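Student:
Numbering (the numbering used here), first residue to last: 630 to 914.
1) Does at least one heavy atom of the ligand FMN sit under 8 Å from the Cβ of residue 711?
2) Let me confirm a value: residue 662 is counted as buried when at least 16 other C-beta atoms fall within 10 Å, else exposed. Which label applies?
3) Let me make sure I understand the geometry here. Which of 870, 897, 848, 816 has the alpha-carbon closest to that of residue 790?
4) What residue from 697, 708, 735, 698 has the CA that sits closest to residue 649's CA?
5) Between residue 764 and residue 881, which are expected to be in contact by the criterion C-beta below 8 Å, what is the C-beta distance as a whole number of angstroms?
6) For residue 914, does the three-state DSSP call read helix, strand or coil?
7) Does the Cβ-Cβ distance between residue 855 and residue 759 come in under 9 Å?
8) Could you spell out where the alpha helix (DSSP H) holding residue 774 opens and where it closes?
9) Give the secondary structure of residue 631 by DSSP, where H, G and I count as helix, E and B as strand, and everything else as coil.
10) Our contact map puts residue 753 next to residue 705 with C-beta atoms below 8 Å; I'd like the distance itself, whole angstroms only.
11) Reducing DSSP to helix, strand and coil, say where residue 823 ends up.
12) Does the Cβ-Cβ distance between residue 731 and residue 638 come in under 9 Å?
13) Between residue 726 and residue 634, how many whole angstroms is the CB-CB distance? I'm expecting something under 8 Å.
14) Classify residue 901 as buried or exposed, calling it buried when 16 or more other Cβ atoms lie within 10 Å of its own Cβ.
15) Going by CA-CA distance only, name the one from 879, 667, 809 that's closest to residue 766.
16) Ends of the alpha helix (DSSP H) at residue 702?
17) Among 866, 884, 750, whose alpha-carbon lies nearest the alpha-carbon of residue 652?
18) Compare the Cα-Cα distances from residue 656 to each of 641, 636, 699, 674 and report the closest residue.
19) What would DSSP say about residue 644, mapped onto helix, strand or coil?
20) Decide yes or no for the touch test of the segment 884-892 against the segment 901-910: beta carbon pairs closer than 8 Å, at least 3 of them.
Laid out in structure tokens, this is it:
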């Protein structure tokens, strides 16, 4: 009686992909909150010229920034515990049966879910660090006035942003490499193979490919948002005309919202594509 066991596993896979989509939603909207704060940073830099007040305004951004990051890290940790429950429902239903095969499958799904969480962590980590970096650059810009110091401040921000994106990118790549191994090893184990196992492994692999591609696309969107931020740091430090500088910020605001919508769009495609796989997999049972 493998089909019943096969269903509990598919049931676990389907709950997990939906869980990871939700996680991807939450992390995108966290990115959205931080970018809002980055735009406000430039607004208060171009607008306010009183050091004392702008010092108070900066700290409010910093404080709000921390609470946003903290909520996202909690969202990740809550997903970690939801993943724990889902899998514990899969082990219990499977513990009474005898198949080390059923176990073997569940091990793969459990291991891959860890990589999704660590990949998600890395995505939030790049966002948080870029936010902190932009905070300090503006902190420095609003004080620095002589160009040579300004230029180095911008150039440091540009170097550090790339390093942070690189670290994220590399963290996502290794997540994909290790996810494919779990999957490939599991499939070599099936052939050592029940067609149910085949299909349900195939579906899960598609579901993990979709999730990790999405996180890659979302990182790309973040790297372009940050690209706009560097541009805005430049014009803000250099533009002496406030009303003109305010227009530059509105353009970036225009592009940033467009980038959200592209990003949010990929999420919906992932949700739709994911549900497609789960149902086709469900048809075999």
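Note that beta-carbon positions come from the ideal geometry of N, C-alpha and C, so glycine has one too.
Tutor: Concretely, from the data shown:
1) Absent from the structure shown: the ligand FMN. Ligands present: none.
2) buried
3) 848
4) 708
5) Not really, about 17 Å apart at Cβ, beyond 8 Å.
6) coil
7) yes
8) Counting along the chain, residue 774 falls outside any alpha helix (DSSP H), and DSSP gives it neither H nor E.
9) helix
10) 7 Å
11) coil
12) yes
13) 6 Å
14) exposed
15) 667
16) 680-724
17) 750
18) 699
19) helix
20) no
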